[PDB]
Structure formats: C-alpha cells, structure tokens
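As structure tokens, the structure follows; a few thoughts come after it.
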Amino acid sequence: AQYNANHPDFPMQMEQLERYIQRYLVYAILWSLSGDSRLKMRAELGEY
C-alpha cells in the first residue's frame, strides 16, 4: 500500500505483487519460526 501511495500514476501490478508476496512469505516464515534460534539453525530451516 505504501508503494501504491508513492506511485499514484501506476500502482502495483499483479505480477510484481505475486513476486513480492511470494518472497515475503518465505522471509516471514524464516523470521517467525527460526527467529528464536541460533544462526546455524536459521540456516538449517532455510535449507529445508
């Protein structure tokens, strides 16, 4: 929504939205699940 507000002339496209949220879901998965663990185990979850 912030990006759409900062780009009123052409808002977020569905392709960019798809890519952004697909990557953000993995990023948030890592930082929610392995956010309580060491760096090695964060790497383990990233590998899985």
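What follows draws every value from the coordinates through simple rules; no lab data is involved. Every residue, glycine as well, gets a Cβ built from its backbone with ideal geometry; the counts of neighbours run over all protein chains shown.
In the stretch 12-35, the residues that are without any contact (Cβ under 8 Å) to a residue 60 or more places away in the chain form Cβ pairs under 7 Å with partners that are surrounded by 12 or more Cβ atoms within 10 Å (Cβ to Cβ) and among the charged types (D, E, K, R), at six or more places apart or across chains, as follows: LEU30/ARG42; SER34/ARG42. Considering only residues in the stretch 20-48 that are of a type in the set (S, T, N, Q) and exposed (fewer than 12 other Cβ atoms within 10 Å of the Cβ), the one that is nearest to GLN2 (Cα to Cα) turns out to be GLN22. When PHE10 is tested against the conditions (1) surrounded by fewer than 10 Cβ atoms within 10 Å (Cβ to Cβ); (2) in a helix (DSSP H, G or I); (3) of a type outside the set (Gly, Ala, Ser), the lone failure is (2).
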